[PDB]
Amino acid sequence: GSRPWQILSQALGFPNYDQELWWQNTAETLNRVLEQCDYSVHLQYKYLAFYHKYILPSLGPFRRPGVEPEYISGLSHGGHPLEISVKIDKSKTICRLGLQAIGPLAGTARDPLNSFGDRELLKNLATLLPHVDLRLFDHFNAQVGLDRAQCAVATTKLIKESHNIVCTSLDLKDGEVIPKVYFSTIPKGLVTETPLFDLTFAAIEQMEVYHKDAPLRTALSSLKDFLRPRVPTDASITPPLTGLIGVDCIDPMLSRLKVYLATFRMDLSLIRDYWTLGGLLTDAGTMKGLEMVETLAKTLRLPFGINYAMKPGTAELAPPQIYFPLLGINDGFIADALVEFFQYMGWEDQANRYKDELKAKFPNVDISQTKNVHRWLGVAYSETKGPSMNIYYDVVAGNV
Amino acid sequence: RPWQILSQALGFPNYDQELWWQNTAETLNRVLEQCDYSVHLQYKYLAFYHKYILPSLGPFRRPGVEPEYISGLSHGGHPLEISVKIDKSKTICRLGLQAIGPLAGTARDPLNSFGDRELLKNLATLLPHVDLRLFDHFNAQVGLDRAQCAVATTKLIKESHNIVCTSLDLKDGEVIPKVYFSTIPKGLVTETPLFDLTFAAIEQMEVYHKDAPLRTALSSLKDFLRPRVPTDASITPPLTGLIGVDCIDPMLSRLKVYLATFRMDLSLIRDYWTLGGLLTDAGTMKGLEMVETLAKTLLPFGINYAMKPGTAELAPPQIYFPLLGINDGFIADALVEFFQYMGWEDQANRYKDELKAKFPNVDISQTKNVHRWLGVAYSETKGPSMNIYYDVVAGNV
Amino acid sequence: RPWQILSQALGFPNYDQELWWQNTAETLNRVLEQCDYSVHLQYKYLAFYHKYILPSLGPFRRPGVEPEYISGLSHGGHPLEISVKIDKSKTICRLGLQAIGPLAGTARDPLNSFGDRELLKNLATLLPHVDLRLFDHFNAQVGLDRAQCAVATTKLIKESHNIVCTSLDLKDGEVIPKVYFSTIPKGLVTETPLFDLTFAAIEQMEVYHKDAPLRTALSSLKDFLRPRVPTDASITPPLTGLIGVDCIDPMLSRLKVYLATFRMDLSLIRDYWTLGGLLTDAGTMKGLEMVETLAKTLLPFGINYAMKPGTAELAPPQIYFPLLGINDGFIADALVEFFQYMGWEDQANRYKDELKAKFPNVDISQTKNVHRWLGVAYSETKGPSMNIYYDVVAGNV
Amino acid sequence: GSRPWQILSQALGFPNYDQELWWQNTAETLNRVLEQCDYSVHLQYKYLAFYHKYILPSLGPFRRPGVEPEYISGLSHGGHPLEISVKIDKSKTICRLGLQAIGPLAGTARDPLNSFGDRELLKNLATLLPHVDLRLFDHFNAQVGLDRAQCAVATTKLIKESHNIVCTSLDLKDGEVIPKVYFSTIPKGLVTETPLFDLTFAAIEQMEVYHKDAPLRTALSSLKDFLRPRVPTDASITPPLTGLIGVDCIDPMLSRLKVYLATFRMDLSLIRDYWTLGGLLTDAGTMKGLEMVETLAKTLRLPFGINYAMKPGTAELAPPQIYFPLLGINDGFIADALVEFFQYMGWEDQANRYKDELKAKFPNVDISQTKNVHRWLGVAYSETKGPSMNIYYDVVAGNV
Ligand SMILES: O=c1c(-c2ccc(O)cc2)coc2cc(O)cc(O)c12
Ligand SMILES: O=c1c(-c2ccc(O)cc2)coc2cc(O)cc(O)c12
Ligand SMILES: CC(C)=CCSP(=O)(O)OP(=O)(O)O
Ligand SMILES: CC(C)=CCSP(=O)(O)OP(=O)(O)O
Ligand SMILES: CC(C)=CCSP(=O)(O)OP(=O)(O)O
Ligand SMILES: CC(C)=CCSP(=O)(O)OP(=O)(O)O
């Protein structure tokens, strides 16, 4: 074999069998994705070599028949802590990895919520890459992380696939790796009996960048005003709820702060509410995006996601990105739906390639028979940037 | 003896680790013996030191092997001190170190930003009561990105290329970690006043927002400190140079603000000790007499103001006197005197022979590096205590 | 207690290591206590077990986690046994294991060819008197390449996918390693007779070429064995199934040739014990009485013929009786009787209560897996001894 | 930078600073060598990725001003345990790595002769590559390796750069890695007070393959007859001497057994003696090779090497390969000499490229000013194969 994923297997081997299995169920797909997004051969090697060295050991054991890990991830259908996404727009497609870095004691008494692995991987990325910044990670780990006794209590109140506090994504963009993290607010909520809204914004308002950026303060103030009468005021875990805080692991003054809502109910009137922030936003751009999202929902179990991204130095809220949950829906149907949507958008080249490229991404499964390979679809509209489509795959479900 | 047994049972992953052991483990075991730790605790702490501390210490600086990272914790550049905390009843052993990352002091890690947290992570899975939330809070507020670390290394001596240090109290039968964060790099690189960036980091703590007594304590301390430390960006000691916390539940953790200064005379002892005349009670004045006597009987001076959630009132600080450059035999004789003055006759009688036995490779009458620091304190609750910091490597080479 | 102290001081790198400790360390500490090892040696051996053995043991097989490699050393597939060597004066503790490589039992390492030597390498830098030359000699003569290992796995049960095993004697205050190499895989894959490949490997040893007495001993043994083991390639027990050496200076090392057989009756005990009537002295006959009595009082049977450089004459072998399937309480009562017969009254009186205390989680009256083997020997020099092999995991779950 | 050596630095980083330094002083050169030998981009990645993972940690500390390792190698001028060679013939050029795998206690009381590192690396290569075989390694480690007390004595009788028992080469051929090892006989000789000839052949005659291969026995018998009256009969370490035994780490029945002589004296009458084995070989091929070697020596401190390679199933001895030592001779001169020799051989393409490619291999040093970059030149003639030129470089001396 002389494709990059094969050459790297040959050159590098595996320290253990779980890493081997992770490679044999993910790396071909990942190489295919990078080829399909028009990454040069040299970036295909860069990213696959990076994946081998940094990501495979972070993925822990490979859950399979007869071997049941101590730690079960909610990132995927089979309990594997891995997802692969593509972000599609007019001009280009970029690849992103999503995971949870599993510590060697994760899911046991010494580490019940897998509290250490993601920071360890980030520290290793910090000596690898000059632009990686840990300050926001550490701030939120301080504010929503829990001690061992509190993690043990959280595990009594959570199903096994939700024994987590954090997760990591890595954008493979511009020849670089750009890490981002998401912290769950649910375990602190449950353990402290504090409303999720309160502990989320209490955490955000202690950021150093919040204390010296009036615009971010103003934008956050606008978001709280929208969310306060929509999310619970009490301590309950009920929808819509503020379930994740996201940061970029870069200079705090440039990092996007994200507040992620989780909810089960969605219709056209809820879309509009979320997208326009209950009529706060009315410009042409906003309204053009709304139409797009509506059209997507017509064309097409996990909660929906609504993610409000805010950047220091911007006072006004933008529309959120909306996450459609696709678990349990047929992957052939979804592919047909995505083609239709791409036609609607005028992205005729994406439309013509989507199906073929999908089958080629997952050559060991019949896509037309699966319902768990497409797991999420995010849709976004931007200023100074256009419309975007994020497609999240359960790469392992696409391989076994 | 336990240090020898563990060496036989465990060996060493590499030669630097072996040299570290050979230059410190015998001394540690002696200290632990002298302090009346049981044999099972001597094993406990020495096994712990082997597995967790040895790899954290980096290379062992020695003739012909100049490491990339040089520590200001000792005279030879070694990132280790062993200290004792003495009161009348008992003596407690403590380790002070800098956990050295494998790229420390090179362009990928100019200020050794990662090794202490790595060590602390291993402790959090070892020990049930270790809590990293205050670490992570202050690492967020005074940590720097790579480019900023690189700038700071151009404006600071080799021995000050650090942001954090770790201490481990070998108390009761537990390991109790604490950490200090240095404010200087961030202040240098941001050209922010140390006073402002210190108190900003603290005012953003979760516990500060939760606890009215802590807030009251800190406003008295800012009042006291504001006029005495610089208002602009410079490094003009006296200055707020470190922030210390305990790696415990944030609500129990002491918060420590350390001033560094190069001037101490009777006027300034009085001023630091009493918070400018704020504290006038007999307990305070008894501690002041102590400190005055100590200074009569005998690196910047240190003043450490410590506060706890729950308590609105400030207490006298701990004062640190550097001992570098002063004969170690004179120091011992002076401490015997001072111990006699306190009425700690048993500590007076054993101090000098037990010291010689800690450092059998050296002549304490001819050395000037072995006692590096002395800290002195008085609390209403616990009473008087004295902290003696040894350059264990200098006491073994 | 030392096993608890070391757990507190060291923790665990991973959960499998923790489960190994939790299922074996308490028992080990008990054995070491019962054998009158000092506390400092209990620490020595337990610290060693933590650092060197735990990572060598691989995953801990348990419900829902089926490892890729399954060991024939115990009933649950765990690659560990603890054994005692009892004589009248004293009792010695020994560990038996298979060091599991991280790809063991998969296509990149089908017969676990590498983990034991890796462990042995770590011991050679730990311990001054460890010598790997006989290891390397027999690993050269009976080891296999990847493709051959893969063929052997198609012709052998899961529990026999191994070429080597390691034992560690906790003797005096030292760790003394020995290893056994299995001849079956090479014989299966090469379709060579076990007898020929066994004696070929041995005749190529450096020490064999150097030492005329060893050569004399071995020709008597080949004479004895040639007619009793197969001449063609088959696996027809009785067969020369293992070669054992000590990891010491080749000139001191015992060379052991182990027969495995499924038939033992009074005729065959006599034949194996006396080397077909070759050994007729009173010492031999006294040992035979012992073995006959043992077998009256109470997996293949084992016969281990041991030879030393320097000695021309063969000695009676050690005979191994498997105990799998027999009540552990009956076994204890039978051993008490047999100990009384030997006049080891002190061992008779304490054997059963000390056993229950080794394995407090089990009822020995209801178990059949805990005693796995019994070995018995008699030497002119050292006298009678008995080796009892426990499935420590089975005694703890 | 988008060359493979740069991309891999970017993707992989370094676990420690010595590995970083090894990379910054070797990897560019190694990439250049692979490019120059017409290795595809995919093999350039395969080998550089292999080098990063397996070789960099094996190389120990990077000896440099202010940092003096405990273990000093004789493989190179600066004490670095690394060499890079090219084997040149009519049709092709292949790259080879030579090293000593340094253990973490090498050169101290627990490991005075660096006795463990090379086997550890080989075991890791054995799970990486299906064709790697450890049986011959283990045989010779058994026969010429020493216990710790014996290694400590050896170190009292050897200069610091000769505190070794073994070294490893890795041929980067046909898209694979083919390991070979060389065991020194000197430490066992010194410690046991045994003649080097005796302990060399005693070791060889105990090989399992020797016991079942009459041809190898016959060929060895012919070599002993040649060497017996030429090398010492006593225990002295004097020339010519049998100083290394070499094996290939492959199926024993296919591995070439090598006996390496070290000597300081060489002239045309000694060349002929070694090459023809004192007149044992007289065929046309032999005599044509002799002429080549003579011509090379005319065109042009370490000992010369003479390496007799024997394969199971061949009864007759072939001519040895002859190693010319080049340390201390000007590297510009050597380059001019090699061009002349290549012209003589009719290898006009090699002749025209040699100088330019050399400067391009070592872009941070002026080659015309150095005398330690070319360290050895081996010359060989074969049956079923032709003439060969092996050029060994002190890559670190070419970089600092
Ligand atoms: O996967 C989960 C689960 C979940 C629910 C049922 C399952 O069987 C497994 C996971 C719950 O909350 C989430 C919330 C999210 O934002 C994303 C998720 O993937 C999950
Ligand atoms: O490098 C050495 C040295 C040696 C001699 C003097 C030095 O300063 C360094 C190495 C001696 O024997 C060899 C013998 C060899 O076959 C190859 C070598 O590279 C060496
Ligand atoms: C954790 C989940 C399910 C979604 C967040 S992705 P995301 O952070 O990458 O959002 P972007 O597409 O980067 O804007
Ligand atoms: C010189 C340094 C790093 C710190 C002084 S704080 P300390 O912890 O050593 O003193 P206490 O333990 O709090 O008594
Ligand atoms: C069942 C196995 C692997 C070996 C029997 S040999 P042994 O070493 O355990 O017996 P001795 O120690 O030599 O008395
Ligand atoms: C160790 C030394 C100096 C030379 C031997 S190389 P070598 O084994 O690679 O010989 P080949 O060119 O492979 O035939």
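Residues numbered from 1 in each chain as written, not as in the entry; some residues may be left out. Chains lettered and ligands numbered in written order. Heavy atoms only, no water.

Structure determination for this PDB entry was carried out by X-ray crystallography, with a resolution of 2.00 Å recorded in the header.

Caption draft 1: Structural view of the overall build of chain A. Within chain A, the secondary structure is distributed over 14 helices and 10 strands. Taken along the three principal axes of its C-alpha coordinates, chain A extends 55 × 55 × 40 Å. Buried residues in chain A amount to 64% of all 400 residues. Taken as a whole, chain A presents about 14,400 Å² of accessible surface, with 51% of it coming from carbon and sulfur. In chain A, the 40 positive side-chain charges and the 44 negative ones have mean positions that sit 1 Å from each other. (Helix = DSSP H or I, 4+ residues; strand = E, 2+ residues; numbered from the N terminus. Buried < 20%, exposed > 50% of the residue type's maximum accessible area, 1.4 Å probe, protein only. Areas by Shrake-Rupley, 256 points an atom, 1.4 Å probe, with all protein chains shown as cover. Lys, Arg positive; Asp, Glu negative; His and termini not counted. Charge placed at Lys NZ, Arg CZ, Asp CG, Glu CD.)

Caption draft 2: Fine view of the site of ligand 4. Residues and elements named next belong to chain B. Close to ligand 4 lie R94, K178, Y180, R254, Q318, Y320, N387 and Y389, which account for all nearby residues. Here an oxygen atom of ligand 4 and a side-chain polar atom of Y320 are 3.2 Å apart. Separating an oxygen atom of ligand 4 from a side-chain N or O atom of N387 is a distance of 2.9 Å. Relative to its unbound accessible surface of 420 Å², ligand 4 loses 92% to contact with the protein. Those elements that place two or more of their residues in the shell around ligand 4 are β4 (174-182), β8 (318-322) and β10 (383-390). Taken together, the residues that form the shell around ligand 4 break down as three nonpolar, two polar and three charged. (Near = heavy atom within 4 Å. Polar contact = N/O pair within 3.5 Å; in protein donor to acceptor, adjacent residues only side chain to side chain. Nonpolar A, V, L, I, M, F, W, Y, C, P; charged D, E, K, R; others polar.)

Caption draft 3: Quick peek at the packing of aromatic side chains. Counting across every chain of the model gives 70 aromatic pairs over all chains. Taken together, the ring pairs connect B:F338, B:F339, B:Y341, B:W344 and B:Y351 into an aromatic cluster. Cation over ring: A:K258 sits above A:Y182, and NZ or CZ is 5.7 Å from the ring centre. Stacked on the ring of D:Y210, the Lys or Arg D:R217 has its end atom at 6.0 Å from the ring centre. (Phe/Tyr/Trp six-rings, centres within 6.5 Å; stacked < 30°, edge-to-face > 60°. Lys NZ or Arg CZ within 6 Å of the ring centre and 35° of its normal.)

Caption draft 4: Spotlight on the interface of chain A and chain C. Tallying the contact residues gives 16 residues for chain A and 16 residues for chain C. Taken together, the two surfaces of chain A and chain C that pack against each other cover about 1,200 Å², and 50% of this comes from carbon and sulfur. Counting across the chain A and chain C interface gives four salt bridges. C:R108 is paired through a salt bridge with A:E20; the nearest N and O atoms lie 2.8 Å apart. Where chain A meets chain C, there are seven residue pairs in polar contact. Here the side of chain A that touches chain C is composed, by residue class, of six nonpolar, five polar and five charged. (Contact = heavy atoms within 4.5 Å. Buried area = accessible area lost by both parts, 1.4 Å probe. Salt bridge = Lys/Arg side-chain N within 4 Å of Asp/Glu carboxyl O.)

Caption draft 5: Broad picture of the pairing of strand β3 (residues 164-171) of chain C. All names here are of chain C. Across the eight residues of β3, seven count as buried, placing the element largely inside the fold. As paired elements, β3 and strand β4 (residues 174-182) share eight bridges and run antiparallel to each other. Bridge pairing in β4 places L170 opposite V175. Between β3 and β4, which pair antiparallel and follow one another directly, the connecting turn spans two residues, one of which, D172, has a positive phi of 60°. (Pairing = 2+ DSSP bridges.)

Caption draft 6: Examining the interface of chain B and chain A more closely. The interface of chain B with chain A comprises 29 residues on the first partner and 27 residues on the second. Interface of chain B and chain A: buried area, both sides summed, is about 2,600 Å²; carbon and sulfur atoms make up 45% of it. Inspection of the chain B/chain A interface yields six salt bridges. Here A:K188 makes a salt bridge to B:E206, at a shortest N to O gap of 2.8 Å. Inspection of the chain B/chain A interface yields 19 residue pairs in polar contact. Within the residue set of the side of chain B that touches chain A, elements represented by two or more residues are α4 (115-126), α5 (133-142), α6 (146-154) and α9 (206-210) of chain B.

Caption draft 7: How the structure looks around the side chain of A:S255. Relative to the helices and strands, A:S255 resides in the loop between β5 (241-248) and β6 (257-263). Residue contacts for A:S255: discarding those within four places in its chain leaves A:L136, A:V247, A:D248, A:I250, A:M310, A:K311 and A:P312.

Caption draft 8: Broad picture of the site of ligand 2. Residues and elements named next belong to chain D. The environment of ligand 2 is formed by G74, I159, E161, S162, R375 and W376. Backbone polar atom of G74 to an oxygen atom of ligand 2: 2.8 Å apart, as the coordinates give it. Side-chain polar atom of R375 to an oxygen atom of ligand 2: 3.4 Å apart, as the coordinates give it. For ligand 2, whose accessible area on its own is 430 Å², the fraction buried by protein is 55%. Across the shell around ligand 2, the residue classes break down as two nonpolar, two polar and two charged.

Caption draft 9: Structural detail: the sheet that holds strand β3 (residues 164-171) of chain B. All names here are of chain B. Taken in spatial order, the 10 strands of this closed barrel run β1-β2-β3-β4-β5-β6-β7-β8-β9-β10, and their pairing is antiparallel. With strand direction ignored, the average angle separating the axes of adjacent strands in the sheet is 20°. Pairing analysis gives seven bridges linking strand β6 (residues 255-261) to strand β7 (residues 301-307), with the strands arranged antiparallel. Within β7, the residue paired with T261 across the bridge is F301. Packed onto the sheet, helix α10 (residues 212-225) meets β5 (239-246), β6 and β7 and runs at close to 155° relative to β7. Packed onto the sheet, helix α12 (residues 282-297) meets β8, β9 (371-379) and β10 and runs at close to 160° relative to β9. (Axes fitted to C-alpha atoms, helices over the stretch in contact; angles between N-to-C directions.)

Caption draft 10: Quick look at the environment of B:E81. Residue and element names in this part refer to chain B. Along the polypeptide, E81 turns up in strand β1 (residues 80-86). The exposure class of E81 is buried, given its relative accessible area of 10%. Taking C-alpha positions, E81 is 31 Å from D196, a pair spaced 115 residues apart along the chain.

Caption draft 11: How the structure looks around helix α2 (residues 17-36) of chain D. Residue and element names in this part refer to chain D. Across its 20 residues, α2 extends 29 Å between first and last C-alpha, which sits within 8% of the 28 Å expected from 1.5 Å per residue. The largest bend in α2 amounts to roughly 40° and is located at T26. Of all 20 residues in α2, 14 are buried; the element is thus mostly enclosed. The N-cap residue of α2 is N16: its side-chain oxygen and the backbone nitrogen of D18 are 2.9 Å apart. Looking one or two residues past α2, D38 carries a phi angle of roughly 70°, positive in sign. (Expected span 1.5 Å × (residues − 1). Bend = angle between axes of the 7 residues up to and from the residue.)

Caption draft 12: Representation of unusual backbone geometry in the model. That bond from A:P239 to A:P240 is cis: its omega, -5°, falls within 30 degrees of zero. Structurally, the position occupied by A:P240 is in the loop between α10 (214-227) and β5. For the bond from B:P237 to B:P238, the omega torsion is 0°, close enough to zero to count as cis. Relative to the helices and strands, B:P238 resides in the loop between α10 and β5. A positive phi angle, close to 55°, is found at A:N114, a residue other than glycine. Mapped onto the elements of the fold, A:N114 is located in the loop between β2 (93-99) and α4 (117-128).

Caption draft 13: Local environment of the pattern of salt bridges. Applying the stated rule across the entire model yields 90 salt bridges over all chains. Residue A:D171 pairs with A:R96 through a salt bridge whose shortest N-O separation is 2.9 Å. Here A:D171 is found in strand β3 (residues 166-173), whereas its partner A:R96 is found in strand β2, with 75 residues between them in sequence. Taking relative accessible area as the criterion, A:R96 reaches 5% and is therefore assigned buried. Note that B:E118 and A:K123 form a salt bridge whose closest N and O atoms lie 2.9 Å from each other. Note that B:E118 is positioned in helix α4 and A:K123 in helix α4, a pairing that runs across two chains. When salt bridges with common partners are traced through the structure, they connect A:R3, A:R32 and A:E35 into a single cluster.

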